[PDB]
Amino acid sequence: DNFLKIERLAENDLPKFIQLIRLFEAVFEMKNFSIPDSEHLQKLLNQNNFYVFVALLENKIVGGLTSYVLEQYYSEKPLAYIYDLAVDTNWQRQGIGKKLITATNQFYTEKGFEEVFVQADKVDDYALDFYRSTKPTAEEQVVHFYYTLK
């Protein structure tokens, strides 16, 4: 356990960001994925409203998550939106996912955020079991609609 480190990426961590994206690509089984150019990814990493957390063994990325800050108009305290979370399939069920969620909520707690939220597909049984083990404050059944643009 001493071996696992959690790191919040900084603006000079593009190589680690790209490792994480490649982990996403593999774990989510994305086919024919063409990674965006590094200038785009750098600009994203530079944003003050986006935070990436990774899990490291040595400097091998074995999991991570991405999150977005949503400034509120209902409150001065912001919300954080955990977008993606994944752990290397060889390293799953070792407490890594849990440590990532803990660190993430700890970070936004110290930043004085109101809440953090995250979502899973109703079909995704393994994800559901995971989030339900993280002592979330609550869960809600929602319907997600999207419009694919021209």
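Note that residue numbering begins at 1 and tracks the sequence as displayed.
Mean CA B-factor: is it higher for 87-95 or for 110-118? The stretch with the larger mean CA B-factor is 87-95.
Got a sec? Mean C-alpha B-factor, which is higher, 139-147 or 1-9? The deposited B-factors put 1-9 ahead on the C-alpha mean.
Take the CA temperature factors straight from the PDB entry and tell me which of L57, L70, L41, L65 peaks. Largest recorded C-alpha B-factor: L57.
What third of its chain, lowest, middle or highest, does the C-alpha temperature factor of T102 fall into? Answer is middle: the recorded C-alpha B-factor places it there.
Ranked against its chain, the third holding the CA B-factor of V123: Highest third, going by the recorded CA B-factors of the chain.
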